[PDB]
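Here's the structure, in structure tokens; my notes come after.
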Amino acid sequence: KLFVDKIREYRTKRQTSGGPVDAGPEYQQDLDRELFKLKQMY
Amino acid sequence: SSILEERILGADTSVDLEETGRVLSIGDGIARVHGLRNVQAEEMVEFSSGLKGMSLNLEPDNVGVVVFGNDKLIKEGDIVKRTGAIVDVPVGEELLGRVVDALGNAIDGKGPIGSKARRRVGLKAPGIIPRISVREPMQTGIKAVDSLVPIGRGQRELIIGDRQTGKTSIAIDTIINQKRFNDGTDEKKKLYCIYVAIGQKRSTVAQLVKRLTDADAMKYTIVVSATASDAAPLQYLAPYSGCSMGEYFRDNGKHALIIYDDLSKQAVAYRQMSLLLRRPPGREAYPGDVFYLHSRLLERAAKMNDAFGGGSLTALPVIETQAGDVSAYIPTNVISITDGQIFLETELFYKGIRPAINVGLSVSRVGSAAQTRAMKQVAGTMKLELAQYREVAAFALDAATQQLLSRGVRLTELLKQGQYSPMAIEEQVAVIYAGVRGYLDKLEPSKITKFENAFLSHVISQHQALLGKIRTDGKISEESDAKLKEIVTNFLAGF
Amino acid sequence: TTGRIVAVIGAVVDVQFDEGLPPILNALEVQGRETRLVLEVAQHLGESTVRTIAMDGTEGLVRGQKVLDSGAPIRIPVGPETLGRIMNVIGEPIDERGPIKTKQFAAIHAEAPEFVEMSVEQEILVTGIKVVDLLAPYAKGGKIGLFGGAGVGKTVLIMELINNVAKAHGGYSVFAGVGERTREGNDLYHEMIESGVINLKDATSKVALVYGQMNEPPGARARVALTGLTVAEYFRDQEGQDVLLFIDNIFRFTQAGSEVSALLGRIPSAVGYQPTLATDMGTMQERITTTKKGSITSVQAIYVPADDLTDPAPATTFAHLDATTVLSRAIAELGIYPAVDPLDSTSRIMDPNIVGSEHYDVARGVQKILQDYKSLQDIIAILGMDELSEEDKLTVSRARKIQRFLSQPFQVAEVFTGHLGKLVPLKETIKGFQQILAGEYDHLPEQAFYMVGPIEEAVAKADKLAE
Amino acid sequence: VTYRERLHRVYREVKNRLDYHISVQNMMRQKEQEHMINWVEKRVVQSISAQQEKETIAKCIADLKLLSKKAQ
Ligand SMILES: Nc1ncnc2c1ncn2[C@@H]1O[C@H](COP(=O)(O)OP(=O)(O)OP(=O)(O)O)[C@@H](O)[C@H]1O
Ligand SMILES: Nc1ncnc2c1ncn2[C@@H]1O[C@H](COP(=O)(O)OP(=O)(O)O)[C@@H](O)[C@H]1O
Ligand SMILES: [Mg+2]
Ligand SMILES: [Mg+2]
Numbered sequence: 009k010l011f012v013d014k015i016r017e018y019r020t021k022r023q024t025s026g027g028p029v030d031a032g033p034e035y036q037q038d039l040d041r042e043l044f045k046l047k048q049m050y
Numbered sequence: 009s010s011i012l013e014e015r016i017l018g019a020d021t022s023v024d025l026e027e028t029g030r031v032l033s034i035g036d037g038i039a040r041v042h043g044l045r046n047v048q049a050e051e052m053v054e055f056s057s058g059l060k061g062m063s064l065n066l067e068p069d070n071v072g073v074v075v076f077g078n079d080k081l082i083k084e085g086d087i088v089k090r091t092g093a094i095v096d097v098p099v100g101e102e103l104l105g106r107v108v109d110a111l112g113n114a115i116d117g118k119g120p121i122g123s124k125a126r127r128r129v130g131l132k133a134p135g136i137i138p139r140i141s142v143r144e145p146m147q148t149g150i151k152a153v154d155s156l157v158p159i160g161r162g163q164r165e166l167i168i169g170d171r172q173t174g175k176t177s178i179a180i181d182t183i184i185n186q187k188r189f190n191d192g193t194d195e196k197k198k199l200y201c202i203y204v205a206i207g208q209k210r211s212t213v214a215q216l217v218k219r220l221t222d223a224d225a226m227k228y229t230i231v232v233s234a235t236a237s238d239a240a241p242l243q244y245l246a247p248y249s250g251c252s253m254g255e256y257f258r259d260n261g262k263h264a265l266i267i268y269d270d271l272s273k274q275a276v277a278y279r280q281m282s283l284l285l286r287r288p289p290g291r292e293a294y295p296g297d298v299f300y301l302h303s304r305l306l307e308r309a310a311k312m313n314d315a316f317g318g319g320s321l322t323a324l325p326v327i328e329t330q331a332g333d334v335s336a337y338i339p340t341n342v343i344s345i346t347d348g349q350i351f352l353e354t355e356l357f358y359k360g361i362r363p364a365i366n367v368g369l370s371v372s373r374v375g376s377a378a379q380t381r382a383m384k385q386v387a388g389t390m391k392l393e394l395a396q397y398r399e400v401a402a403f404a410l411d412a413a414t415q416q417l418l419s420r421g422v423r424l425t426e427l428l429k430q431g432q433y434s435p436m437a438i439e440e441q442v443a444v445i446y447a448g449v450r451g452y453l454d455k456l457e458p459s460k461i462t463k464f465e466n467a468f469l470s471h472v473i474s475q476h477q478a479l480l481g482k483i484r485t486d487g488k489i490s491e492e493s494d495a496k497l498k499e500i501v502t503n504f505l506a507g508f
Numbered sequence: 013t014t015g016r017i018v019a020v021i022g023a024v025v026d027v028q029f030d031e032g033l034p035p036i037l038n039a040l041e042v043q044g045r046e047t048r049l050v051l052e053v054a055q056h057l058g059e060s061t062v063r064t065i066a067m068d069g070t071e072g073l074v075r076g077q078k079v080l081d082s083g084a085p086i087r088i089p090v091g092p093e094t095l096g097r098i099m100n101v102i103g104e105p106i107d108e109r110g111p112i113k114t115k116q117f118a119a120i121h122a123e124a125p126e127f128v129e130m131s132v133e134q135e136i137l138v139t140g141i142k143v144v145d146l147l148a149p150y151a152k153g154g155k156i157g158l159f160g161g162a163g164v165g166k167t168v169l170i171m172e173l174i175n176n177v178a179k180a181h182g183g184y185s186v187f188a189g190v191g192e193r194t195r196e197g198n199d200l201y202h203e204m205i206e207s208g209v210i211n212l213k214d215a216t217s218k219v220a221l222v223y224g225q226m227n228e229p230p231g232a233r234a235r236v237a238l239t240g241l242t243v244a245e246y247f248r249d250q251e252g253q254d255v256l257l258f259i260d261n262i263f264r265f266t267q268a269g270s271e272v273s274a275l276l277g278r279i280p281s282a283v284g285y286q287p288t289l290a291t292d293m294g295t296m297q298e299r300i301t302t303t304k305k306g307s308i309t310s311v312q313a314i315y316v317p318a319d320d321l322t323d324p325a326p327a328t329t330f331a332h333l334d335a336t337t338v339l340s341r342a343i344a345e346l347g348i349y350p351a352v353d354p355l356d357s358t359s360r361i362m363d364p365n366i367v368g369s370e371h372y373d374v375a376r377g378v379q380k381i382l383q384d385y386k387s388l389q390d391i392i393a394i395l396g397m398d399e400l401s402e403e404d405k406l407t408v409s410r411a412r413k414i415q416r417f418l419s420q421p422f423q424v425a426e427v428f429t430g431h432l433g434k435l436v437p438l439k440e441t442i443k444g445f446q447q448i449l450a451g452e453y454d455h456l457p458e459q460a461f462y463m464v465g466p467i468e469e470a471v472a473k474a475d476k477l478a479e
Numbered sequence: 138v139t140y141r142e143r144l145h146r147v148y149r150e151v152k153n154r155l156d157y158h159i160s161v162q163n164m165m166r167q168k169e170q171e172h173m174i175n176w177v178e179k180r181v182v183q184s185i186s187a188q189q190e191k192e193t194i195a196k197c198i199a200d201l202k203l204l205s206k207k208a209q
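Residue numbers (the authors' numbering), protein chains in the order written: chain h, 9 to 50; chain B, 9 to 404, 410 to 508; chain F, 13 to 479; chain b, 138 to 209.
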């Protein structure tokens, strides 16, 4: 059962994937911090 | 993304009928389990939190199980499932280039280990018939180790010395030097190095792996890291995991080299493991078992005869001695288990004489056997000359005495070396030849290093034909000796 | 009978029987194994429970297995068919040449000879080693001990004795390697095959081999010594022939006994050693004796842990030996070999009525002068030799000459040293030391004596050095 | 001598401009997947709140029959 449940959960998530879904400000802040760390080391 | 969904399917969700037990009391790193009626001794039970444990004590009413992780992830009342197999580890050529922890769980990223075979960490050493005398040479690429205190394949040398005297450096140079053999044509000179890091800072092992990847040396190395933070029952087990990953090669006709670094920090993990079991402490609080612990581990570095595949497993235990006391408990426990020893003085090291091998005390009890004939010719003289120099260096008259002093100082300056700079055997032969036959007695000792460098850059560039002749015919013939003498004389002239 | 395992802790297995228990020291077979695992009974806990010591790996023992009593203690094949074979503790052959086809078996836990059987005759054994012959003359038919730290010479010396004594011997021989390297055992096997001492195609072998090497669990190491004693006791009694019995390393017997004595639930003695250290050693070393039926010459290599001669194990074993030979790391670091310490080696035949008067007087003069030099060393190490009387300077010179002259090159150490191995007859040794003490060589330098045979070679080397 | 140095340096700069991009890609994609799993798990935990327990119990009992048959 749960294999089908995971399958359909991914389906119903990807269908609402007009981008990163329900991420929040932490999404952007952490990504920017990591990117700027990459810049500092690159 | 859909890659992850494929990651979902194909997972084994089948349920099986499995025996089980209930934890009674977890504390001090030894869980007590109730049940597990049909559990074998030294079996690998699995807790409910994904941990693992080795069924250690089969008492009538419970099972003392040593946890292979942090015992804070184990409750009282948890469920312990027996996996029905004595403690195993994954072995194969699928591990080469992978940093696996003490149980074969890749701590590397880089996907999982795709191994198809498992060995038992608690196997037994080969008996007396399978073994054969040590015959083949293990090239360390270090002039002092390769000339004076050579090593063979099947031998189990020891590297013993204080804090920061260059033991890990010798190990890493030995690992790196094998790169040339591990590219040639014959599978008979390929050495598959292993490196067990026991109770070592994790950053150290990370940088060591980075260094081994710079030198293209991870194509054959396996790093089995049970670092400082890891629970004691993992530092105790890591050497046996590594020794099994090496026994696989040894038993399948190949050649392996395993470096335990350190074994003075496995015995400390074992002393913790014991005193927490209430076992009666002995000399220095070590259990009386602390010998069998190392004897059983180092007795597997065998050299199987040709009727048993012909493989081999060299071992290079690294002991660390406080204040350079070679007569402590563990140092002597191990000095009576191994076939040799390399003492790394901490005052030779502080003089800039690196690597700091103390050739007075170092020895290899297979020694001249399993040494290239060329190096034997060149280095027997060096051994005698260094002996004579040592006999007299306690004061600083006649012609012979001053001659001994000068030749010995030249040779000492000649045996220094730099890090991550292993030298082919023929290069060592050439340098020590130019040193011992006496084509350096006029040059100032302080310059002997520069000469060395320059000389190499010459010989490697111009006369590679002679070096190939020495390598192929592992011996210095008379014509080769004459050509080499000409080369040395001519080069020294222009200096 | 048939019991069932009820506990398995390390190498100690607690078994339970419903019918009559087996008496202590019996052997039990764990039914249901891929090999032969023999558990030897050691205690009777009560509740028809016994506590046994396993003579093999106890990994894979399920609580509730079936154990089947043998009825007699461990019994090994003894006889003239064990000559040239190899044997583990439980007597199985481990050389891969088929079973040991003997007629008569022997239990490894026999009793010591009674007081009304001990022999008393004492006679010197000449070994060709200068220091051993001079200061601690070995006795033919008596226990001998080589006390050494780790890496000092116990095994090179026991191999030199093997060579010298055994190859020039008429009787049989037994080598019971207990708790020692496995590659060393292999090298010894393949080095006696090439010497004709072991014969793989005939019945002219002279040496039996028993091995409990250091990869073996504590249960096996603690009993292989008894297997060696049994294989030698047979040749002593049921043949009435002179046996040699080399054991290396006999300290592993007691060490293994202590490793498997915390689990038996005993209160640990002085240094963690078992409470029964002295008695366990005695019941073993008391079967290694020359009696009126035969004569065993035992050479035992005792390890001295952490270079401590006051450790309970060597301290206890010092009382079971005729002649001791204390190899010391301090001498070995000077390059002298064998590292024998002249002022700790002793013998029971250092009697002027046994070794004569010239031998005894020379040996005692050597010891007196070495002791004087040792007393001087405390001052010499600070105020230098420039602060000694003239008689003291002369004494120090003689003492250094003697210390060097005691060093000898062995045959088995050619690969190490390259030098040629020497046997120095006893008369040559006495003569050389008599001369050095008289003063006939105060003009030579110390190094003229380093690693030479009889004093003729010392004079020759002194001549070489002078050019 | 400048020739080889510049030849290597061009390789240096091109490979660095490649490495910046590949590393950024790895970082963003792996963090994306981690969040993927986080929310997927959190929401399937909710989605287990249906009334299919009868089907689950039936499947479990059938599998029990399978195990019992196999274990004898
Ligand atoms: N052959 C050498 N030449 C010059 N420096 C060396 C050499 N070998 C080691 N060193 C230096 O010694 C320092 C420590 O050496 P290394 O870590 O190999 O010793 P160690 O015994 O492994 O130390 P520890 O055991 O405490 O980790 C390093 O700074 C290293 O560069
Ligand atoms: N008679 C000797 N001559 C030269 N070197 C020796 C002699 N005896 C021992 N040595 C050196 O000391 C080391 C000690 O080894 P060994 O005596 O075999 O082991 P053990 O630690 O059991 O005594 C040898 O490997 C050898 O290098
Ligand atoms: Mg290190
Ligand atoms: Mg030895």
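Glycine residues also receive a C-beta, built at the ideal position from the N, C-alpha and C atoms.
Alpha carbon to alpha carbon, how far is residue j from residue i? Give it in angstroms, no decimals.
i: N341/B; j: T429/F; result: 26 Å
i: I11/B; j: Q170/b; result: 10 Å
i: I348/F; j: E101/B; result: 48 Å
i: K405/F; j: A411/F; result: 10 Å
i: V177/b; j: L17/B; result: 15 Å
i: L201/b; j: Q209/b; result: 13 Å
i: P138/B; j: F187/F; result: 20 Å
i: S33/B; j: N78/B; result: 15 Å
i: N211/F; j: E108/F; result: 14 Å
i: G189/F; j: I262/F; result: 8 Å
Could you confirm whether any beta carbon from chain h is found closer than 8 Å to the beta carbon of residue i?
i: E13/B; result: yes
Answer with buried or exposed for residue i, where buried requires no fewer than 16 other C-beta atoms within 10 angstroms of its C-beta.
i: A178/F; result: buried
i: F357/B; result: buried
i: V151/b; result: exposed
Have a look at the DSSP bridge pairing and note the partners of residue i.
i: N65/B; result: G72/B, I21/F
i: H42/B; result: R30/B
Step through the CB atoms of chain B and report whether any lies within less than 8 Å of the CB of residue i.
i: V367/F; result: no
i: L73/F; result: yes
i: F44/h; result: no
i: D200/b; result: yes
i: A195/b; result: no
DSSP three-state label for residue i, please.
i: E292/B; result: helix
i: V161/b; result: helix
i: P364/F; result: coil
Got a sec: is the Cβ-Cβ distance from residue i to anything in chain b below 8 Å?
i: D30/h; result: yes
Any beta carbon from chain F within less than 8 Å of residue i's own beta carbon?
i: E50/B; result: yes
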